[PDB]
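We number each residue from 1, following the sequence as shown.
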Amino acid sequence: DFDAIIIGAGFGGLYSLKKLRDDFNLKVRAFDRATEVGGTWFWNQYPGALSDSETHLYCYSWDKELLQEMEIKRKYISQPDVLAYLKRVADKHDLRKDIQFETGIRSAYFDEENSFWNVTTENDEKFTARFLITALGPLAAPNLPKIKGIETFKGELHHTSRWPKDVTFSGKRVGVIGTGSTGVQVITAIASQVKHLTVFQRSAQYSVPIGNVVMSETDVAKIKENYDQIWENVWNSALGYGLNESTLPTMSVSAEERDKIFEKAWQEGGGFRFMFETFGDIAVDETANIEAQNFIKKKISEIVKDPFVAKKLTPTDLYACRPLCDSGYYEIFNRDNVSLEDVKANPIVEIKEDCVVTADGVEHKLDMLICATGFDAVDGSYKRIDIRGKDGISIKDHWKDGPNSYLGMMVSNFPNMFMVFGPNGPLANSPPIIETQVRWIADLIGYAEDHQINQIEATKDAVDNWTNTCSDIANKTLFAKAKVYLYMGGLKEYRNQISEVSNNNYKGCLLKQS
Ligand SMILES: Cc1cc2nc3c(=O)[nH]c(=O)nc-3n(C[C@H](O)[C@H](O)[C@H](O)COP(=O)(O)OP(=O)(O)OC[C@H]3O[C@@H](n4cnc5c(N)ncnc54)[C@H](O)[C@@H]3O)c2cc1C
Ligand SMILES: NC(=O)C1=CN([C@@H]2O[C@H](COP(=O)(O)OP(=O)(O)OC[C@H]3O[C@@H](n4cnc5c(N)ncnc54)[C@H](OP(=O)(O)O)[C@@H]3O)[C@@H](O)[C@H]2O)C=CC1
């Protein structure tokens with residue numbers, strides 16, 4: 001018996017355990033397949049792994065002593081340093097004693113008679129808990145490219161999510177499939193280290209500089225002496241990235257001023273900065289969106305000197321979503337040892353024991369093939385668990401057509417289950433999202449113990465309500481006209497929404513007593 005069981009020991013799971021155990025005095029147990037805390041920051045160890053959020057905001061806000069103690073080494077934070085940070089959080093707050101590592105959860109069945117959850121590990125260990133906290137993260141199963149003969153490769157073959165230790169690059173011909181956020185980071189990091197690099201690009205994306213620089217002691221003092229206001233700005237923002245979120249229409253200024261504003265963001269760095277600190281309608285107005293695209297296209301044409309390589313790197317879609325961010329990606333393609341293959345025009349048709357074969361018949365001989373090919377959608381981590389709620393319906397069947405939920409934290413037909421960083425949540429910096437959701441869930445659980453209620457479930461109508469406001473907001477935005485579900489109202493408005501619920505006797509939830 002526990003009051004609550006937590007699945008996950010990343011950002012979301014660690015704060016779930018701290019809040020429920022230490023601030024609400026509940027008996028809690030957390031589970032993770034990993035051998036150590038960190039979640040994705042433990043698993044994902046590929047070359048160039050780096051946060052999109054600046055270091056001073058990609059962390060917890062609730063421990064004011066930790067904020068003053070925190071190492072702020074560079075403007076953005078690398079994977080080993082995030083892992084060290086989360087390890088420090090677990091050390092200080094004595095969290096590992098209530099985490100069972102090396103333990104996967106195979107099934108969670110709701111007991112409508114007892115109003116609690118039956119949780120079974122992959123090693124046939126069974127536990128009971130009133131509440132189930134799922135902190136599964138945004139990444140589901142790794143997506144490997146389905147290419148004929150991929151199993152015949154005799155060289156080194158790795159998905160970026162399973163990057164091994166001790167990988168050496170010198171003297172090797174290396175290929176990378178994928179030019180998303182992960183592919184851009186890997187390509188930029190290893191191009192100077194390999195004998196030759198082939199990039200297999202199916203769809204070119206826009207990328208802006210991240211501007212990762214060392215932080216002076218004065219830089220760090222400016223942050224730490226003003227940390228209270230910094231976090232106040234995060235909670236009062238849409239994105240939680242510390243940006244000066246613009247309301248200025250793109251076309252409302254001259255072409256000269258518009259170039260100056262984009263260049264200012266380009267120099268300071270950041271993908272969210274480029275869309276949302278420059279102007280306020282780049283994700284809404286088609287003409288504004290094209291203006292943002294053309295600036296980056298001009299940058300690509302200026303950086304990469306071979307015009308034909310520049311064209312291959314230039315995105316073709318009419319409208320643009322999130323720009324990537326990089327630490328020198330486009331410059332990579334000026335190198336003598338880098339080849340760019342347009343795999344939309346020249347698809348990969350086969351790979352053999354020593355090569356990747358394109359449709360033109362060319363054998364690209366490789367010692368190592370890196371698959372930066374992404375993951376399944378976020379609900380896949382839930383579908384991967386045998387979660388059964390009321391009447392025995394499984395989350396696999398309940399979400400056969402995609403995820404739907406109430407406020408991004410409760411699922412109809414699944415009582416006493418609360419998701420942290422689950423689907424249908426806000427589009428913002430994730431640590432502020434996770435802190436908001438954990439505090440909201442913990443307040444609801446505390447409200448449950450105070451009023452002797454032992455079953456909490458969101459109604460079907462509340463779920464469809466939440467789906468409606470998400471679809472309404474999303475359809476005002478170009479994110480539907482371009483390249484599984486998000487609330488796009490921002491962190492501030494998201495916090496207003498869930499506050500209205502908790503302030504009105506948890507409107508939309510069923511609360512059973514006993
Ligand atoms: C390089 C990189 C940079 C990023 N930068 C940003 C950024 O700037 N801003 C941002 O908002 N987001 C960013 N992200 C996204 C990132 O996933 C989140 O910021 C955050 O780490 C999510 O934490 P989490 O605890 O919610 O999930 P995770 O860290 O993914 O933790 C999930 C954990 O649950 C465990 N688990 C899952 N299923 C089971 C099961 N059945 N049994 C047992 N254990 C299970 C997993 O093993 C894992 O340890 C970045 C991601 C990467 C990889
Ligand atoms: N710094 C950060 O905050 C980071 C965040 N992330 C997040 O995690 C998620 C994953 O990012 P990423 O790991 O880049 O995965 P993505 O899905 O974002 O990028 C996948 C890449 O692989 C290519 N690809 C996929 N399947 C094939 C195939 N069969 N043949 C050829 N090419 C293929 C895609 O091309 P196409 O576009 O043509 O499908 C795309 O270029 C993203 O949502 C991102 O936001 C990840 C890393 C860093």
Side-chain angles (χ1 to χ4, degrees), residues 1-10 12-13 16-17 20 27-35 39-40 42-43 98-144 161-162 375-406 408-425 437 441 445 454-458 460 463 484-485 510:
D1 256 317
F2 308 99
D3 294 307
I5 278 171
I6 296 166
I7 307 175
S16 291
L17 178 55
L20 293 177
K27 188 174 166 197
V28 192
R29 196 111 171 109
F31 296 92
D32 204 312
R33 286 203 182 92
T35 50
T40 183
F42 167 87
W43 295 113
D98 293 300
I99 309 168
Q100 184 165 322
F101 292 103
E102 312 193 69
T103 306
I105 298 309
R106 186 177 56 221
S107 69
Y109 295 171
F110 190 60
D111 187 315
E112 287 168 82
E113 205 29 68
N114 282 322
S115 266
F116 63 31
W117 281 93
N118 286 308
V119 179
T120 311
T121 73
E122 291 180 342
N123 318 265
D124 289 354
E125 232 185 342
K126 191 206 47 143
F127 305 89
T128 55
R130 182 75 70 209
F131 298 111
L132 184 63
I133 312 302
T134 53
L136 307 191
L139 302 188
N143 169 69
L144 270 193
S161 70
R162 298 97 83 81
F375 306 79
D376 291 347
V378 46
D379 57 313
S381 303
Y382 284 91
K383 293 183 154 178
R384 263 185 326 171
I385 313 173
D386 191 5
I387 307 177
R388 290 195 224 271
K390 288 199 298 185
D391 284 343
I393 321 92
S394 78
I395 206 51
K396 211 151 46 203
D397 289 316
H398 185 237
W399 283 349
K400 48 182 82 203
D401 313 313
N404 68 333
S405 73
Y406 189 41
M409 317 183 261
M410 305 148 84
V411 188
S412 192
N413 283 322
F414 296 83
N416 293 6
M417 193 192 74
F418 301 103
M419 300 174 314
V420 175
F421 207 50
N424 323 302
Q437 293 171 339
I441 293 163
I445 287 178
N454 66 353
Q455 193 158 313
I456 312 171
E457 184 193 344
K460 218 262 199 163
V463 166
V484 204
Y485 225 115
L510 312 163

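Looking at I5 and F116, their side chains never come closer than 4.5 Å, going by heavy atoms from C-beta outward. Contact check for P403 versus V484: side-chain heavy atoms found under the 4.5 Å cut-off. Residues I7 and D32 fail the side-chain proximity criterion, which asks for heavy atoms closer than 4.5 Å. Under the 4.5 Å side-chain criterion, counting only non-hydrogen atoms from C-beta, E122 is not in contact with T103. Taking the side chain as every heavy atom from C-beta outward, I441 and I133 approach each other to under 4.5 Å. No side-chain heavy atom of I6 sits less than 4.5 Å from a side-chain heavy atom of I99. By the 4.5 Å heavy-atom criterion applied to side chains, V28 and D98 are not counted as neighbours. Residues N413 and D391 form no side-chain contact, since every pair of their non-hydrogen atoms from C-beta on lies 4.5 Å or further apart.
For the residue pair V378 and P423, the shortest heavy atom distance occurs at CG1-CB, 4.1 Å. Taking all atoms of both residues into account, the shortest heavy-atom contact from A140 to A377 is CB-O, 3.2 Å. Heavy atoms only, all atoms of each residue included: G137 and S381 are closest at O-OG, 4.5 Å. Contact detail for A30 and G8: the closest heavy-atom pair is CB-O, 4.4 Å.
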Stepwise, does the side-chain contact (heavy atoms from CB on, under 4.5 Å) test hold for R388 with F110? CA-CA 6 Å; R388 290 195 224 271; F110 190 60; over 6 Å; no

Let me see the working for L20 and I445 under side-chain contact (heavy atoms from CB on, under 4.5 Å), right down to the final yes or no. CA-CA 9 Å; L20 293 177; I445 287 178; 4.1 Å; yes

Stepwise side-chain contact (heavy atoms from CB on, under 4.5 Å) check, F414 with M419: CA-CA 11 Å; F414 296 83; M419 300 174 314; over 6 Å; no

Checking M417 against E457 for the side-chain contact (heavy atoms from CB on, under 4.5 Å) test, could you report, in this order, the C-alpha distance in whole Å, the side-chain angles of both residues, the deciding distance, and whether it holds? CA-CA 8 Å; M417 193 192 74; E457 184 193 344; over 6 Å; no

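Between the side chain of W117 and the main chain of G389, no donor-acceptor pair closer than 3.5 Å is present.
Expressed to the nearest 0.5 Å, how far OG1 of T121 lies from CZ of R33 amounts to 10.5 Å. For the atom pair OG of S161 and CG of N143, the computed distance is 10.0 Å after rounding to the nearest 0.5 Å. Put simply, CG on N416 and CD1 on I456 are 6.0 Å apart, with the number rounded to the nearest 0.5 Å. In this structure, NZ on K383 lies 9.5 Å from NZ on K396, to the nearest 0.5 angstrom. The distance from atom OG of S412 to atom NZ of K390, rounded to the nearest 0.5 Å, is 6.0 Å. Put simply, CG on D401 and CG on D379 are 10.5 Å apart, with the number rounded to the nearest 0.5 Å.
Here the rule is side-chain hydrogen bond (donor to acceptor under 3.5 Å, both in side chains) with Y109, and of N118, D386, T120 only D386 fits it. When each of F2, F101, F127 is paired with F31, the ring pair (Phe, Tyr, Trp, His ring centres under 6.0 Å) condition holds for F127 and for no other.
Between the side chains of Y382 and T134, a donor-acceptor pair is found at a separation under 3.5 Å. A side-chain donor from one of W399 and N404 sits under 3.5 Å from a side-chain acceptor of the other. If you check the side chains of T35 and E102, you find no donor sitting under 3.5 Å from an acceptor. Judged by distance alone, the side chains of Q100 and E125 do bring a donor and an acceptor atom under 3.5 Å apart.
A salt bridge links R106 with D124; the closest basic N to acidic carboxylate O contact falls under 4.0 Å.
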